[PDB]
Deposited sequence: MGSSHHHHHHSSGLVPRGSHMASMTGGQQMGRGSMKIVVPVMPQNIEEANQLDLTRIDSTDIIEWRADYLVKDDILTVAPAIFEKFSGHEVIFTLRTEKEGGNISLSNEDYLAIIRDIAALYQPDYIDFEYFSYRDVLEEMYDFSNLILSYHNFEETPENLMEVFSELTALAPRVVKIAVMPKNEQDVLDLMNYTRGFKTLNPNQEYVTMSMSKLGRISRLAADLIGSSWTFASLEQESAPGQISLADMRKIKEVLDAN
């Protein structure tokens, strides 16, 4: 439960401080209490993650937090060995107990077994080049592991790719109503998939502090109105 250091679609807001000073300068003025904060810790060098963590978790006390190490293989800014990846995740978990922990499935599938005692994992996959032919199989594979969240983000090359991501999400949510999915078709081309979180069965949508938190809240209002 508590860590060694005390204290309708939802919007996830990523934060990417590159040092402790930036972390302490993060502006909470635009964030509301229901927003989930995603700490993109991969924006830091390995040796700075633990040093910045206390500031992140003090700053965002009272918010749900996702701890994310996005690797270079999937559009992230860090590379880590299996050992270092697991060590950092385990120490953050023990120290701060983030509400969710990102686990980059295909990058670290081998050692997923060592996370058997975690029940707050987001099993995530990101393809920045295309929307794979076997997308359905990806949904199936991650679902079978029954993580806290199945997260799939893909890059469309045409309009049908976007619709396919949307359709697979609702299809799998219908098959698996108790499984939380967070999905998106990336790029301007895929934007509708982000606005359509409720329709498609994605529990969260990612908004920036490509669509802003400001606009996302407005469009939520449009969609929710009588």
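*Could you list the ranges of the deposited sequence that have no C-alpha atoms in the model?*
Model skips 1-10, 18-33, 236-242 of the deposited chain.
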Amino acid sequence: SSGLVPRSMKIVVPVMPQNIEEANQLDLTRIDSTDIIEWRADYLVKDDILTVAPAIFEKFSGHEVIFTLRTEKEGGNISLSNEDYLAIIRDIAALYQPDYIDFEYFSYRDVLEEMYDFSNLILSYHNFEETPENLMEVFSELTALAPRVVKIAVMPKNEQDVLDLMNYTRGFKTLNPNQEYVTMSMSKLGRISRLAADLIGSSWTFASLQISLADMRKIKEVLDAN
From here on, numbers count along this sequence of modelled residues.
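*asked:* When the Cα temperature factors in the entry are averaged, is it 8-16 or 198-206 that ends up higher?
replied: Per the PDB record, 8-16.
_Mean C-alpha B-factor comparison - 53-61 and 27-35, higher one_ = Between 53-61 and 27-35, it is 27-35 that shows the higher mean C-alpha B-factor.
*asked:* Using only the C-alpha B-factors in the record, can you name which of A94, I88, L112, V154 has the highest?
replied: Among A94, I88, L112, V154, the PDB entry lists the largest C-alpha B-factor for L112.
*Would you mind ranking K73 by its C-alpha B-factor against the rest of the chain and naming the third, lowest, middle or highest?*
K73: CA B-factor falls in the highest third of its chain.
*Sort the modelled residues of this chain by their C-alpha B factor and say whether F103 lands in the lowest, middle or highest third.*
As the PDB entry reports it, the C-alpha B-factor of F103 lands in the lowest third of its chain.
_Third assignment of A146 from its chain's C-alpha B-factors_ = Its C-alpha B-factor, which the entry lists for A146, ranks in the middle third among residues of this chain.
_What third of the chain does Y125 rank in for C-alpha temperature factor, lowest, middle or highest?_
Ranked within chain, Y125 CA B lands in the lowest tercile.
*asked:* Looking at the temperature factor on the CA atom of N178, which third of the chain's modelled residues does it land in?
replied: Its C-alpha B-factor belongs to the highest third of this chain's values.
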